[PDB]
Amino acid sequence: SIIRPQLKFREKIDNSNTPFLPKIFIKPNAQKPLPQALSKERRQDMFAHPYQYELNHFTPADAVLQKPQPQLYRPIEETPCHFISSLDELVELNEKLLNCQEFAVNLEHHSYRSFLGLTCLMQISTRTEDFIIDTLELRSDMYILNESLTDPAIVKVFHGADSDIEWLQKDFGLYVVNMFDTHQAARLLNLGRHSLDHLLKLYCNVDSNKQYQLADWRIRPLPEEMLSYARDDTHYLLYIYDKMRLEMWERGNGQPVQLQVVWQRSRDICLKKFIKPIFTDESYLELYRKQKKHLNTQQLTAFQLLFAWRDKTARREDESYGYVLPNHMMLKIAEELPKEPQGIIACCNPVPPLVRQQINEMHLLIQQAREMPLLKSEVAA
């Protein structure tokens, strides 16, 4: 099996019901100083977006708003691939990046065995090279990339950056200033589809594999197939960035009007803030109470207790709700109200390890449920 990478982390991941406190402690490329409260030394708002001002007052430079001369992507077999997993190498990559006019970025994430989710890999492409950054190994040093990610002079290209922005801050306190989302461009041009696959075919006649879109990216070592899959998400992003700007340029008859909307739309995505998830048992009964609420006092109580048991276990063990106890099972167990512990198991096909490990604790809960008084209209009906 794969050993949880969280165990080798320097700082225990916090997924309590406390609001999210940005991890950034140093603010490169700043215009508005970082609140003293966030300084590494002490460890004017605080839960506010660290680059709120910089982004609000951000606009792309005229250099990028002019007629684009699309630079073809470098042949894949002629492009060097670098694996970065040490501060030294990360620090050197940031230097190269600080001399680029633009570069591409993408993140591989994992959520099945993690409560909040975990960024596992970060891919970056320049006009000449592809980089694969191991963000499990470099989790605590990733903040350094802020120097180039929040450098308004450099354009960061993403394809559909909504999640990446939230992951970048939630995991490494990283933020982005001056971004161009090709996904946003594709929408603004009203293209057939808006996915990266379409853009890769439409612009580079490249076929995209997807065997790994849902793979387990915590795996180490990462097999060549997965590295190839990972570099393909950024290897062609810069060219597409150019070709899409040419299109907006040719549709604007020669005006940077459609270009600026993309930069504007994209900067709004960079202003999105991460917010810890908050689930309630009320919601997990919408599709249920709206079809057949057979749930009596005893059953509803069992569901409440189980819902709570799952939330606490998931947070404590840093696992996703699905790993701990998927809904359909939690709901079935609440329906059957199994008298014996083995009866709870009979409802799990298969049986999730944490449900077997905590079977007695769960049993005592269902037992409480079975002791609840039934209303008159429930004993008879």
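Note that residue numbering begins at 1 and tracks the sequence as displayed.
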query: Unmodelled deposited residues between residue 43 and residue 44, binned; finding: 10 or more
query: Average Cα temperature factor in the PDB entry - higher stretch of 150-158, 257-265; finding: 257-265
query: Segment of higher mean CA temperature factor, 274-282 or 226-234; finding: 274-282
query: Selection from 295, 87, 179, 165 [criterion: highest C-alpha temperature factor in the record]; finding: 295
query: Most elevated Cα B-factor in the entry, residues 119, 169, 126, 291; finding: 291
query: Where the record places residue 352 (Cα B-factor, split into thirds across the chain); finding: middle
query: Chain third (lowest, middle, highest) by recorded CA B-factor, residue given as residue 39; finding: highest
query: Chain third (lowest, middle, highest) by recorded CA B-factor, residue given as residue 220; finding: lowest
query: Third of the chain, ranked by Cα B-factor, where residue 249 sits; finding: highest
query: Within-chain third of residue 47 by Cα B-factor, per the entry; finding: highest
